[PDB]
Amino acid sequence: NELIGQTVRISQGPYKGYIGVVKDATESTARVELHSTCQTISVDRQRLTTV
Amino acid sequence: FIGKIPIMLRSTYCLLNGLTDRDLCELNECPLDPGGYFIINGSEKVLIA
Amino acid sequence: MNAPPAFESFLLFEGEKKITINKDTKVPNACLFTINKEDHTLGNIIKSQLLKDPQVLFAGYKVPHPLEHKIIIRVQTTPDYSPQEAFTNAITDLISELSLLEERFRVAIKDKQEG
Amino acid sequence: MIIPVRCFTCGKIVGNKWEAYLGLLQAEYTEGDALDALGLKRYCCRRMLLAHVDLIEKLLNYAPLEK
Amino acid sequence: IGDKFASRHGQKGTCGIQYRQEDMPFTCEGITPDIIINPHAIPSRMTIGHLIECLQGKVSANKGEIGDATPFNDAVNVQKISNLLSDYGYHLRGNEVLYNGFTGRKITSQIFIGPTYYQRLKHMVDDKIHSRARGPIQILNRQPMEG
Amino acid sequence: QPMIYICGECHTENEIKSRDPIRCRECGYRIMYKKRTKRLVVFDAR
Amino acid sequence: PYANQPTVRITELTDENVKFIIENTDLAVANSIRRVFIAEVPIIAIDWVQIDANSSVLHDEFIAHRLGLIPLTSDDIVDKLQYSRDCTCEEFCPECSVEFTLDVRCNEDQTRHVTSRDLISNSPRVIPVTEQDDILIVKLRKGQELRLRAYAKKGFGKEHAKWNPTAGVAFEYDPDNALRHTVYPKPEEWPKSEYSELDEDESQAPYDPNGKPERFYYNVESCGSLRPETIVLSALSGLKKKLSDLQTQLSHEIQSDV
Amino acid sequence: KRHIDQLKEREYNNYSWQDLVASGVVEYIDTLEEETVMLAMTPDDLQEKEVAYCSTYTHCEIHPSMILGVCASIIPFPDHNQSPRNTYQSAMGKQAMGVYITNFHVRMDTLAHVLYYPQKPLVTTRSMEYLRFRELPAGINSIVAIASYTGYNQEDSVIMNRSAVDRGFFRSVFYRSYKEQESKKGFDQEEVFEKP
Amino acid sequence: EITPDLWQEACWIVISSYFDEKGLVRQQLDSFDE
Amino acid sequence: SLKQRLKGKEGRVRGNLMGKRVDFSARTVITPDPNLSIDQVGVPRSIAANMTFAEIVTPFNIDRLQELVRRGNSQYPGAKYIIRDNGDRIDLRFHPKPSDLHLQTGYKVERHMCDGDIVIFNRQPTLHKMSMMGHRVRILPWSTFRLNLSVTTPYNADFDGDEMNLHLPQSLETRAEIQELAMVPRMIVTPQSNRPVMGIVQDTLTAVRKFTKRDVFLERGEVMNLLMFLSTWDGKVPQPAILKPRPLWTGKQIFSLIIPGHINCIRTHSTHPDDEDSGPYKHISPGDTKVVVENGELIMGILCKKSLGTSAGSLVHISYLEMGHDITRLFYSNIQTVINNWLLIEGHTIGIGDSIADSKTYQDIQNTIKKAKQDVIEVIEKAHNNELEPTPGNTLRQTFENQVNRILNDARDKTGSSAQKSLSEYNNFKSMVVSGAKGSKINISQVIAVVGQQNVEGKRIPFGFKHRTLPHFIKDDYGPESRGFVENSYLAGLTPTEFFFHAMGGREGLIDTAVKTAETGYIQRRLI
Amino acid sequence: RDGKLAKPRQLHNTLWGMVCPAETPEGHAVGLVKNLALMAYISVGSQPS
RNA sequence: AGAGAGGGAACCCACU
Ligand SMILES: [Mg+2]
Ligand SMILES: [Zn+2]
Ligand SMILES: [Zn+2]
């Protein structure tokens with residue numbers, strides 16, 4: 001996808017304000033490698049805002 | 001020239017023998033290190049008695 | 001790695017009910033109140049208040065697991081008195097006494113700071 | 001290394017006490033007198049300064065790699 | 001949890017669970033334990049030095065001095081440690097009335113509490129956890145890999 | 001296009017090239033340290 | 001069948017701690033108020049740290065951790081701030097965050113202490129608490145520097161320990177254990193509590209079976225993020241709000257069942 | 001007493017350990033010579049007149065704590081423990097996380113385990129001053145409670161405080177280095193660093 | 001004269017002198033030196 | 001060579017054909033958890049999100065499996081492989097087009113394992129069949145295998161860095177086979193000694209020993225809090241043992257609520273006097289040390305390890321035989337949960353106050369040590385003057401050695417007995433020893449009174465030097481302190497010579513432990 | 001290694017003060033691998049002339 | 001929307 005390897009910012013939800021890198025992306029959701037925690041979590045594309 | 005023989009640190013023929021702690025900190029070597037180990041291919045080796 | 005996020009203690013999600021009522025079938029007039037995303041800091045007071053009713057035959061609460069944030073409050077009341085009524089009266093009594101305590105604490109602050 | 005900001009048990013702000021603790025030590029006080037001169041009643045707050053080693057001063061001797 | 005901690009007496013053990021401060025028990029003052037260890041780890045292993053270290057730790061943290069724990073001293077026995085601890089408003093043998101963190105009712109037994117020196121070992125659980133499902137396969141024989 | 005490296009003991013910075021022997025211009029020190037990245041970092045203060 | 005009337009008697013009120021007695025209430029109510037002191041009181045703490053540059057001996061995440069535990073003056077702003085995740089803003093705004101900027105480079109041979117004073121806020125009210133000296137964040141050698149922008153957001157103690165306004169909450173009931181909840185093997189060895197009222201001849205009070213826990217003694221010492229009395233006021237308001245929301249969901253569930 | 005007076009004022013009189021060896025006060029005794037020596041444990045007990053044991057001592061032990069090794073010297077009250085426990089602690093002591101070296105930021109070590117806020121022990125020995133364990137420690141002083149509880153400190157496990165951990169309690173940092181070089185060979189295979 | 005009962009603090013002075021003069025790794029360094 | 005490739009323990013026959021690497025297996029550290037059943041293991045999410053079960057698409061589960069496929073991989077409920085009717089594998093981690101994500105009856109879906117799945121849990125030295133048992137999967141957040149407490153005893157896993165292996169049965173047939181054969185409820189009673197292997201572990205055992213005492217009374221609120229954790233409670237609060245003054249339930253009533261069905265057992269407490277059943281009070285025990293469970297209700301007695309432990313004829317063994325095996329699983333879970341939750345109110349500890357006896361006991365210990373030491377010395381002076389006569393059957397030196405060992409052993413036993421008469425019934429060492437959960441009387445004697453004689457190879461400390469044990473002793477010194485007898489205790493601390501001799505004894509024990517393993521394992525392999 | 005005998009592994013009496021009695025690898029190398037005591041010093045040797 | 005992986009052997013330290 002286009003979103004793969006793009007630094008994104010969760011702009012909605014419990015994880016709001018986190019900066020991460022998209023590992024996998026779909027039509028609906030996308031996995032984000034969080035820069036802060038040692039964990040990769042999946043969020044909706046509507047909640048993501050690229051830098 | 002016969003050849004090169006390894007030197008364990010903090011010896012009498014190592015570079016940092018008798019150097020002050022300030023000089024060691026200038027060389028990025030801590031004064032806390034007791035030496036007594038060889039540097040072979042970047043690996044620190046200890047000769048077990 | 002497998003660390004749960006810090007907001008799992010108090011934040012619900014879509015499809016999660018804050019309170020779930022399940023009528024017990026072992027004894028008459030008993031219900032299990034499953035409170036999601038809470039801990040002892042609610043169930044303990046609810047249990048203590050439900051013990052003050054003369055019409056509650058059993059008032060207890062337990063956490064199934066400390067790593068999963070939910071409590072179950074089991075209430076058995078006397079017949080002719082619904083346990084849900086006891087629960088909604090315990091909540092109101094707690095709110096009343098806490099508001100009274102807050103007002104009295106305000107009065108105490110005014111007394112202390114002004115001599 | 002550097003002094004913790006909060007006492008691990010209490011959360012009492014102890015990170016602002018270290019330099020004053022050293023000043024009271026060099027002013028010829030005992031360590032307990034220095035501790036309760038800084039106002040640390042609970043021993044869990046007292047161990048934060050009484051057993052701290054200021055290692056960052058050792059870390060600052062080396063020249064910074066980036067410049 | 002699963003991270004391997006140890007005392008200075010061979011009293012190792014992984015982290016069973018982590019409670020927040022409000023769930024952890026507390027004394028008459030606001031002091032909560034950082035670590036809660038098993039009482040059953042003592043009697044068979046017989047690490048009385050762990051208890052004496054804890055008692056001397058209370059004395060040291062209250063007195064404001066780093067305590068001395070040389071093995072063969074004869075100037076520091078448990079009775080002198082208890083007498084020094086009694087002067088700081090504590091029980092003779094380091095026991096302190098812990099209040100329960102959940103119910104608030106004070107614990108019937110008097111919990112032995114105080115500061116020890118704990119060491120975090122190199123062994124985490126993230127370095128040791130691994131699962132596998134039809135992954136890489138050896139070439140010499142078609143069996144799964146090692147490690 | 002050139003990558004800026006910090007010259008170890010020299011602590012100065014210089015350009016580098018592809019297939020370029022790693023040498024400083026001040027004293028020819030062999031150890032270079034790559035500069036910190038230019039992209040943003042964000043840390044949860046937990 | 002109803003709630004007893006509690007009363008408050010404050011023994012002292014200082015800028016650090018508040019010491020008071022709550023009488024005529026249950027044990028669970030008293031313990032919950034203590035737990036709400038520790039956890040459910042919301043304050044303002046740094047949670048979003050962006051390191052623009054860093055050359056200090058301490059690494060980035062260590063500095064971000066130390067910035068997290070710094071207490072902030074949130075005596076009146078925390079009631080106005082929305083929770084960051086609840087705000088409809090563009091992922092950050094002055095209604096759910098407070099901006100801090102640190103920009104320090106050491107240009108002298110002296111070890112320069114980057115303290116809590118170098119944290120510069122845009123909101124004049126939300127500033128670090130530090131008479132007392134400042135909170136040491138990181139020391140700097142000559143040539144080292146750190147630049148960062150830190151956003152502080154509203155949160156409470158359950159989320160993280162950096163949102164804990166209380167330094168220590170001492171709580172005890174029945175200091176002479178007339179209830180005999182705790183059973184001393186030898187009560188002579190046991191020191192008396194601060195609130196004991198027995199003569200030195202007597203060790204512990206006589207047992208009464210009809211008694212109940214009452215007259216709870218509190219010693220709430222704040223860390224400086226809040227005044228010790230507004231911690232109690234916010235705690236009581238928060239506990240009442242939690243019960244009110246629980247009642248609202250209870251009413252919805254009951255109406256759903258019927 | 002004069003030896004102690006000249007030994008306290010070191011760096012001024014230049015009176016070292018070798019000067020005391022030259023003074024005929026201390027000497028090195030090996031294992032063969034220990035078979036033919038009458039060794040006093042401590043002077044406060046084995047040189048005062050009593051119902052005499054031997055009264056023919058030749059040497060005196062300096063201090064019994066010097067019979068232990070480097071890792072058995074960091075154990076507080078090791079004689080109050082059981083010997084297997086001391087051995088196991090000696091195994092664990094070479095494994096505790098901590099600041100292993102002062103120049104760890106320069107070293108490209110593989111599996112570097114360092115700690116955020118290491119502390120010196122409140123309960124220490126005199127021998128830690130000479131291993132410099134108070135300058136590069138490994139561990140944190142913790143307020144432990146030995147209590148049966150919910151049931152997670154059951155069989156050699158410990159219950160920890162989440163808030164304390166959130167305050168930097170034992171929060172370590174793990175470094176791992178990766179080395180790689182290219183090989184200039186006979187033109188058949190040629191490694192080179194580039195973005196593929 | 002002699003050290004009657006201040007011996008407890010007098011022995012560790014000589015221990016400190018030994019470990020300031022020799023060190024912990026005299027075996028390795030002296031063996032390689034010789 | 002080929003022969004070298006086959007002949008070894010790392011060859012083809014043993015290393016590859018007998019014991020081979022297997023897919024669908026996980027290995028991580030275990031940490032305790034008392035809030036899940038004995039047949040439940042709490043596996044992490046990242047492990048469950050990597051090990052898959054091949055579930056066949058049927059019209060009953062076609063909608064559920066369809067939704068899981070729609071989630072795809074890494075959406076934990078989802079799946080990763082979908083297998084066609086002709087054995088064609090389709091990835092779900094690479095996000096194919098939505099067209100080939102349909103499901104008709106016949107497809108296979110390798111879905112991430114959820115709660116209720118069956119796994120095989122084993123430790124490494126599988127010396128018996130209870131070291132490898134089947135558990136039910138429970139998904140818990142953190143990254144460890146949370147398994148129950150009572151399963152520690154068959155596994156011999158003490159959570160101090162132990163990591164276990166978890167195998168997943170892939171077929172449904174083998175899943176049913178494990179459920180019907182290798183379930184831990186079905187592996188409670190072992191065939192090797194017709195006794196249970198689970199038992200009740202240390203902390204629950206001590207807390208239940210203190211719980212079932214006669215002087216334990218519970219307030220109504222505490223009773224309801226305890227009864228909240230009973231899984232087999234029919235919702236009827238029992239009539240209190242004390243009604244009019246302060247309605248107060250006895251702990252035995254709550255434990256009678258625990259005891260399932262109607263089972264009848266008669267056991268004896270660990271501290272039951274042997275002269276009690278001779279005279280009167282044989283049915284009304286003054287010490288409450290006669291365990292009688294009658295008609296499913298605990299009549300009387302304090303339950304030590306001889307009542308709930310792994311001993312044959314215990315309460316749990318009879319619960320297994322008279323009742324079912326699922327009922328025994330509920331019995332174990334109810335005991336652990338409710339006794340732990342009462343232990344929260346009660347609290348149990350151990351400290352330095354439990355290791356100190358009063359000065360009168362210390363005077364008795366020191367007097368006994370002095371008397372025995374003088375007796376050894378006078379035996380020595382008898383041996384020097386040839387006034388000691390040899391026992392028929394051995395030399396004069398051994399008549400001497402037998403006398404010295406006999407005197408020192410008598411001193412150790414007498415001092416231990418005099419020490420263990422002064423616990424004052426609140427000492428936590430006695431609390432753990434009487435319940436039998438952890439420790440023995442010897443540990444109490446060594447902590448309080450005296451460590452005792454140190455031995456190397458079954459005899460005293462040998463003369464390593466020339467006719468002396470250490471250079472601090474005179475030559476030919478056969479006294480107590482010279483030959484390894486330690487008169488100090490762990491509370492007072494050991495002198496350096498006693499410390500060294502104690503280290504010798506510990507070294508001998510560690511050598512025995514380290515050398516025993518390989519020989520025992522080889523004997524087991526040959527036997528099998 | 002892997003010897004069933006015990007004499008080379010045991011804590012002999014002459015290990016007093018020269019070698020630590022407690023520290024040892026507790027695996028299959030008990031007593032074989034040892035750690036030197038603190039003040040113990042290995043004689044570097046001189047000429048007998 | 002281009003979809004798989006390989007090294008191998010040897011020897012040290014620990015882990016239960
Ligand atoms: Mg183990
Ligand atoms: Zn340069
Ligand atoms: Zn906003």
# chains A, B, ... in the order shown; residues from 1 in each chain; ligands from 1
call {"tool": "residues_around", "arguments": {"residues": "residue A:43", "least_positions_apart": "4", "cutoff": "12 Å", "atoms": "only C-alpha atoms (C1' of nucleotides)", "output": "ChimeraX atom specification"}}
result
/A:8-16,18,20-34,47-49 /J:74-75
call {"tool": "write_last_selection", "arguments": {"atoms": "C-alpha atoms", "output": "PDB file, in the first residue's frame"}}
result
ATOM      1  CA  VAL A   8       1.803   8.428  11.178  1.00  0.00           C
ATOM      2  CA  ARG A   9       0.234  10.103  14.206  1.00  0.00           C
ATOM      3  CA  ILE A  10      -2.816   8.641  15.942  1.00  0.00           C
ATOM      4  CA  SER A  11      -5.198  11.618  16.012  1.00  0.00           C
ATOM      5  CA  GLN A  12      -8.207   9.856  17.566  1.00  0.00           C
ATOM      6  CA  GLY A  13      -8.833   7.246  20.236  1.00  0.00           C
ATOM      7  CA  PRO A  14      -7.081   6.007  23.376  1.00  0.00           C
ATOM      8  CA  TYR A  15      -3.663   6.063  21.652  1.00  0.00           C
ATOM      9  CA  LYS A  16      -4.002   9.692  20.538  1.00  0.00           C
ATOM     10  CA  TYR A  18       1.516   8.593  19.494  1.00  0.00           C
ATOM     11  CA  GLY A  20       4.663   5.446  14.834  1.00  0.00           C
ATOM     12  CA  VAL A  21       5.584   3.786  11.550  1.00  0.00           C
ATOM     13  CA  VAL A  22       3.043   1.763   9.578  1.00  0.00           C
ATOM     14  CA  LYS A  23       4.170  -1.857   9.218  1.00  0.00           C
ATOM     15  CA  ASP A  24       1.068  -3.322   7.545  1.00  0.00           C
ATOM     16  CA  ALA A  25      -1.952  -1.538   6.091  1.00  0.00           C
ATOM     17  CA  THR A  26      -5.341  -2.619   4.759  1.00  0.00           C
ATOM     18  CA  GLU A  27      -8.471  -0.965   3.395  1.00  0.00           C
ATOM     19  CA  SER A  28      -9.846  -0.717   6.955  1.00  0.00           C
ATOM     20  CA  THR A  29      -7.034  -0.901   9.537  1.00  0.00           C
ATOM     21  CA  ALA A  30      -3.252  -0.582   9.701  1.00  0.00           C
ATOM     22  CA  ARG A  31      -0.586  -1.834  12.108  1.00  0.00           C
ATOM     23  CA  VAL A  32       1.519   0.937  13.659  1.00  0.00           C
ATOM     24  CA  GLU A  33       4.941   0.341  15.217  1.00  0.00           C
ATOM     25  CA  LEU A  34       4.868   2.719  18.180  1.00  0.00           C
ATOM     26  CA  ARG A  47      -7.647   7.689  13.196  1.00  0.00           C
ATOM     27  CA  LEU A  48      -4.233   8.135  11.532  1.00  0.00           C
ATOM     28  CA  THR A  49      -2.713  11.434  10.398  1.00  0.00           C
TER      29      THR A  49
ATOM     30  CA  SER J  74      -2.852  -9.806  13.913  1.00  0.00           C
ATOM     31  CA  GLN J  75      -6.440  -8.907  14.760  1.00  0.00           C
TER      32      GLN J  75
END
call {"tool": "residues_near_ligand", "arguments": {"ligand": "ligand 2", "cutoff": "6 Å", "atoms": "only C-alpha atoms (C1' of nucleotides) and all ligand atoms", "output": "list in words"}}
result
residues 7, 10, 12, 24, 25, 26 and 27 of chain F
call {"tool": "residues_near_ligand", "arguments": {"ligand": "ligand 1", "cutoff": "7 Å", "atoms": "only C-alpha atoms (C1' of nucleotides) and all ligand atoms", "output": "PDB file with C-alpha atoms (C1' of nucleotides), in the first residue's frame"}}
result
ATOM      1  CA  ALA J 157       8.385 -26.246  39.131  1.00  0.00           C
ATOM      2  CA  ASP J 158       9.182 -23.548  41.697  1.00  0.00           C
ATOM      3  CA  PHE J 159       8.704 -20.445  39.501  1.00  0.00           C
ATOM      4  CA  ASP J 160      12.260 -19.169  40.140  1.00  0.00           C
ATOM      5  CA  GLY J 161      13.046 -18.738  36.460  1.00  0.00           C
ATOM      6  CA  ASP J 162      11.404 -21.987  35.349  1.00  0.00           C
TER       7      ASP J 162
ATOM      8  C1'   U L  16      16.182 -24.566  36.090  1.00  0.00           C
TER       9        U L  16
END
call {"tool": "residues_near_ligand", "arguments": {"ligand": "ligand 3", "cutoff": "10 Å", "atoms": "only C-alpha atoms (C1' of nucleotides) and all ligand atoms", "output": "compact mmCIF listing (two decimals) with N, CA and C atoms, in the first residue's frame"}}
result
# COMPACT_ATOMS: atom_id res chain seq x y z
N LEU G 81 -9.35 21.47 32.12
CA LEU G 81 -8.85 20.66 31.02
C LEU G 81 -9.74 19.45 30.78
N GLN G 82 -10.02 19.17 29.51
CA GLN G 82 -10.57 17.89 29.14
C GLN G 82 -9.46 16.84 29.07
N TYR G 83 -9.85 15.58 29.20
CA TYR G 83 -8.91 14.51 28.93
C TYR G 83 -8.51 14.53 27.46
N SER G 84 -7.23 14.27 27.19
CA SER G 84 -6.71 14.44 25.84
C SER G 84 -7.44 13.54 24.85
N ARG G 85 -7.68 12.28 25.23
CA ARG G 85 -8.37 11.35 24.34
C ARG G 85 -9.83 11.71 24.12
N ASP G 86 -10.41 12.54 24.99
CA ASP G 86 -11.81 12.93 24.86
C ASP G 86 -12.01 14.21 24.06
N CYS G 87 -10.94 14.96 23.79
CA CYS G 87 -11.07 16.23 23.10
C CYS G 87 -11.28 16.02 21.60
N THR G 88 -12.07 16.91 21.01
CA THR G 88 -12.36 16.89 19.58
C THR G 88 -11.37 17.72 18.77
N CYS G 89 -10.24 18.09 19.36
CA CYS G 89 -9.26 18.94 18.71
C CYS G 89 -8.47 18.16 17.66
N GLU G 90 -7.55 18.85 16.99
CA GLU G 90 -6.62 18.21 16.06
C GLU G 90 -5.45 17.65 16.87
N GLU G 91 -5.77 16.60 17.64
CA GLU G 91 -4.86 15.72 18.38
C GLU G 91 -4.01 16.43 19.43
N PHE G 92 -4.15 17.75 19.55
CA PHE G 92 -3.53 18.54 20.61
C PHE G 92 -4.05 19.96 20.53
N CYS G 93 -4.28 20.57 21.69
CA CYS G 93 -4.80 21.93 21.77
C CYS G 93 -4.62 22.43 23.21
N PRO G 94 -4.73 23.75 23.43
CA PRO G 94 -4.62 24.28 24.80
C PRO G 94 -5.79 23.92 25.71
N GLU G 95 -6.82 23.24 25.22
CA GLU G 95 -7.94 22.85 26.07
C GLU G 95 -7.73 21.49 26.73
N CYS G 96 -6.79 20.68 26.23
CA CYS G 96 -6.50 19.38 26.83
C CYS G 96 -5.00 19.16 27.00
N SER G 97 -4.19 20.21 26.91
CA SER G 97 -2.75 20.07 27.04
C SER G 97 -2.14 21.39 27.47
N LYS G 153 -0.71 16.51 29.88
CA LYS G 153 -2.13 16.23 29.72
C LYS G 153 -2.72 15.74 31.03
call {"tool": "select_by_dssp", "arguments": {"residues": "chain E", "states": "helix (DSSP H, G or I)", "output": "short mmCIF file (atom, residue, chain, number, x, y, z; two decimals) with C-alpha atoms, in the first residue's frame"}}
result
data_model
loop_
_atom_site.label_atom_id
_atom_site.label_comp_id
_atom_site.auth_asym_id
_atom_site.auth_seq_id
_atom_site.Cartn_x
_atom_site.Cartn_y
_atom_site.Cartn_z
CA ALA E 41 11.08 -18.98 51.17
CA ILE E 42 12.81 -18.47 54.54
CA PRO E 43 12.37 -21.52 56.80
CA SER E 44 13.72 -24.30 54.57
CA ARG E 45 16.38 -22.22 52.81
CA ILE E 48 18.26 -15.60 58.47
CA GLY E 49 20.81 -13.12 57.12
CA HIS E 50 18.06 -11.79 54.86
CA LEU E 51 15.95 -11.00 57.93
CA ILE E 52 18.94 -9.45 59.71
CA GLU E 53 19.74 -7.38 56.62
CA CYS E 54 16.14 -6.14 56.59
CA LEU E 55 16.32 -5.26 60.29
CA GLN E 56 19.68 -3.50 59.89
CA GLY E 57 18.22 -1.76 56.85
CA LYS E 58 15.44 -0.24 58.96
CA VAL E 59 18.01 0.83 61.56
CA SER E 60 20.32 2.25 58.89
CA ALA E 61 17.60 4.13 57.00
CA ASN E 62 16.25 5.63 60.24
CA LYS E 63 19.62 6.43 61.82
CA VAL E 78 20.47 -9.00 66.43
CA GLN E 79 19.82 -7.78 69.98
CA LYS E 80 21.86 -4.60 69.48
CA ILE E 81 20.07 -4.03 66.16
CA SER E 82 16.70 -4.44 67.89
CA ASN E 83 17.71 -2.03 70.67
CA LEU E 84 18.80 0.55 68.08
CA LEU E 85 15.54 0.10 66.15
CA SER E 86 13.39 0.50 69.28
#
call {"tool": "select_by_dssp", "arguments": {"residues": "stretch 195-233 of chain G", "states": "strand (DSSP E)", "output": "PDB file with N, CA and C atoms, in the first residue's frame"}}
result
ATOM      1  N   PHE G 216     -11.632   7.600  61.683  1.00  0.00           N
ATOM      2  CA  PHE G 216     -10.469   7.303  60.859  1.00  0.00           C
ATOM      3  C   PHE G 216      -9.538   8.508  60.804  1.00  0.00           C
ATOM      4  N   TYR G 217      -8.246   8.264  61.011  1.00  0.00           N
ATOM      5  CA  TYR G 217      -7.238   9.316  61.032  1.00  0.00           C
ATOM      6  C   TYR G 217      -6.490   9.339  59.706  1.00  0.00           C
ATOM      7  N   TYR G 218      -6.451  10.508  59.074  1.00  0.00           N
ATOM      8  CA  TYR G 218      -5.815  10.691  57.778  1.00  0.00           C
ATOM      9  C   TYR G 218      -4.627  11.632  57.910  1.00  0.00           C
ATOM     10  N   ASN G 219      -3.570  11.350  57.150  1.00  0.00           N
ATOM     11  CA  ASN G 219      -2.439  12.265  57.000  1.00  0.00           C
ATOM     12  C   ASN G 219      -2.080  12.262  55.518  1.00  0.00           C
ATOM     13  N   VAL G 220      -2.629  13.217  54.776  1.00  0.00           N
ATOM     14  CA  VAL G 220      -2.462  13.293  53.330  1.00  0.00           C
ATOM     15  C   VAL G 220      -1.378  14.319  53.034  1.00  0.00           C
ATOM     16  N   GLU G 221      -0.193  13.842  52.665  1.00  0.00           N
ATOM     17  CA  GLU G 221       0.925  14.701  52.300  1.00  0.00           C
ATOM     18  C   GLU G 221       1.003  14.788  50.780  1.00  0.00           C
ATOM     19  N   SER G 222       0.895  16.003  50.251  1.00  0.00           N
ATOM     20  CA  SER G 222       0.951  16.208  48.814  1.00  0.00           C
ATOM     21  C   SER G 222       2.398  16.294  48.336  1.00  0.00           C
TER      22      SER G 222
END
call {"tool": "atom_distance", "arguments": {"atom1": "atom CA of residue C:29", "atom2": "atom CA of residue J:333"}}
result
27.1 Å
call {"tool": "interface_residues", "arguments": {"of": "chain C", "to": "chain G", "cutoff": "10 Å", "atoms": "only C-alpha atoms", "output": "PyMOL selection string"}}
result
chain C and resi 5-10+17-21+33+35+38+40-56+84-109+111-113
call {"tool": "closest_atom_pairs", "arguments": {"of": "chain J", "to": "chain H", "cutoff": "8 Å", "atoms": "only C-alpha atoms", "output": "tab-separated table"}}
result
residue	atom	partner	partner_atom	distance
J:31	CA	H:157	CA	7.3
J:32	CA	H:152	CA	5.5
J:33	CA	H:152	CA	5.9
J:34	CA	H:151	CA	5.9
J:149	CA	H:154	CA	7.6
J:158	CA	H:155	CA	5.3
J:159	CA	H:156	CA	5.8
J:160	CA	H:156	CA	5.4
J:202	CA	H:154	CA	7.6
J:203	CA	H:154	CA	6.5
J:340	CA	H:150	CA	6.0
J:341	CA	H:150	CA	6.7
J:343	CA	H:149	CA	6.8
J:344	CA	H:149	CA	5.8
J:347	CA	H:148	CA	6.0
J:348	CA	H:148	CA	4.9
J:349	CA	H:147	CA	4.4
J:350	CA	H:146	CA	6.3
J:351	CA	H:146	CA	7.4
J:465	CA	H:35	CA	5.7
J:466	CA	H:35	CA	6.0
J:471	CA	H:39	CA	5.5
J:472	CA	H:39	CA	4.6
J:473	CA	H:38	CA	7.4
J:474	CA	H:54	CA	6.8
J:489	CA	H:80	CA	7.8
J:490	CA	H:80	CA	4.6
J:491	CA	H:80	CA	6.3
J:492	CA	H:80	CA	7.0
J:493	CA	H:80	CA	4.5
J:494	CA	H:79	CA	5.3
J:495	CA	H:79	CA	7.6
J:496	CA	H:64	CA	6.1
J:499	CA	H:79	CA	6.1
J:502	CA	H:83	CA	6.4
J:503	CA	H:83	CA	5.1
J:505	CA	H:83	CA	7.9
J:506	CA	H:83	CA	5.2
J:507	CA	H:84	CA	7.3
J:510	CA	H:84	CA	7.1
call {"tool": "residues_around", "arguments": {"residues": "stretch 9-13 of chain L", "least_positions_apart": "3", "cutoff": "12 Å", "atoms": "only C-alpha atoms (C1' of nucleotides)", "output": "PyMOL selection string"}}
result
(chain B and resi 45-46+48) or (chain H and resi 91+94-95) or (chain K and resi 25+27+29+33)
call {"tool": "residues_around", "arguments": {"residues": "stretch 17-19 of chain D", "least_positions_apart": "2", "cutoff": "8 Å", "atoms": "only C-alpha atoms (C1' of nucleotides)", "output": "PDB file with C-alpha atoms, in the first residue's frame"}}
result
ATOM      1  CA  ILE D   3      19.065  11.274  41.417  1.00  0.00           C
ATOM      2  CA  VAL D  14      13.383  13.877  46.201  1.00  0.00           C
ATOM      3  CA  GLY D  15      15.140  14.917  42.975  1.00  0.00           C
ATOM      4  CA  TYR D  21      22.139  17.139  50.578  1.00  0.00           C
ATOM      5  CA  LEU D  22      25.734  17.452  49.354  1.00  0.00           C
ATOM      6  CA  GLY D  23      25.876  21.016  50.665  1.00  0.00           C
ATOM      7  CA  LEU D  38      15.938  18.436  54.247  1.00  0.00           C
ATOM      8  CA  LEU D  49      19.506  10.078  49.264  1.00  0.00           C
TER       9      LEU D  49
ATOM     10  CA  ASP G 133      15.793  24.025  45.023  1.00  0.00           C
ATOM     11  CA  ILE G 135      14.330  19.443  40.306  1.00  0.00           C
TER      12      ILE G 135
END
